[PDB]
């Protein structure tokens, strides 16, 4: 193994192991949001040593950047003892990344092309609401990310919301065709940075959360966590789907709203109109409801283009860049 360090903290990395996984398995945090080379948030400066850049794509890590000594922690494997620089906060404690002993407790068809998967764990998992877990497709080897809908106290049964992708390896080929209660599932977690700041740094200000499709999943955990901390706070949760057939858990959100007068749940249908529901695209509905985003925080999760367009729309209505949070469901193939 090689010694790899960030922020004064050392871990030992096996030669076939990536920098990111070595650090998180040691409880040493650095930014990460996909573990597959697409989000670019794990970019590092190599200060000393040497890495193999692995499968790092050019659009995430250019030849120019490699020549200047940058790398992606989730793609880089050490070829010598290596010292790296991440962000200022890298090196702080985080929940350790670990291998899970996970068993399917339930798989339920909950909406058009949508399944809930409940995974029971042998041991409690420490995580922040909004983090995700990485599943391995049995027999295939493909790795795919699924956000937790859980609050952190729901630490023994992981809740996933899975959207069927036609022709998809993990969804069409397994989670929608074959997965059954009692199956063991290869999984590691937690991963990801899409979560609330520590309670001490949470001013209780208003939040808008926008989920495209099953991008709703981490927002369920984040919204419930935020409301537990500040029960009267304003939390606007928009669910952007094609039609009413895509909606789910309406009763659960209604119970949240009855308890929390600042909470609202707003379906937004883009393709199949329904008189009961707002039409259009979900970021558009928030802008209509809240014409000025100044002083708001915003949480966007879903397909990458939806997130990126939503971020820009938030900023044009003067929401502060510092308070905009993103989780992109970027395809792995």
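Positions refer to the first chain, counted from 1.
Stretches 286 to 294 and 59 to 67 differ in mean C-alpha B factor, with the higher average recorded for 59 to 67. Averaged over Cα atoms, the B-factor as recorded in the entry is higher for 8 to 16 than for the other of 316 to 324 and 8 to 16. In this entry, the residue among 99, 234, 193, 255 with the greatest C-alpha B factor is 255. Taking only the listed residues 31, 275, 304, 37, the entry reports the highest CA temperature factor at 275. Annotation for residue 121: CA B-factor lies in the highest third of the chain's modelled residues. Among the modelled residues of its chain, residue 169 has a C-alpha B-factor that falls in the middle third, as given in the PDB entry.
Annotation for residue 224: CA B-factor lies in the lowest third of the chain's modelled residues. Among the modelled residues of its chain, residue 184 has a C-alpha B-factor that falls in the highest third, as given in the PDB entry. In this PDB entry, residue 45 carries a Cα temperature factor that places it within the middle third of its chain's modelled residues.
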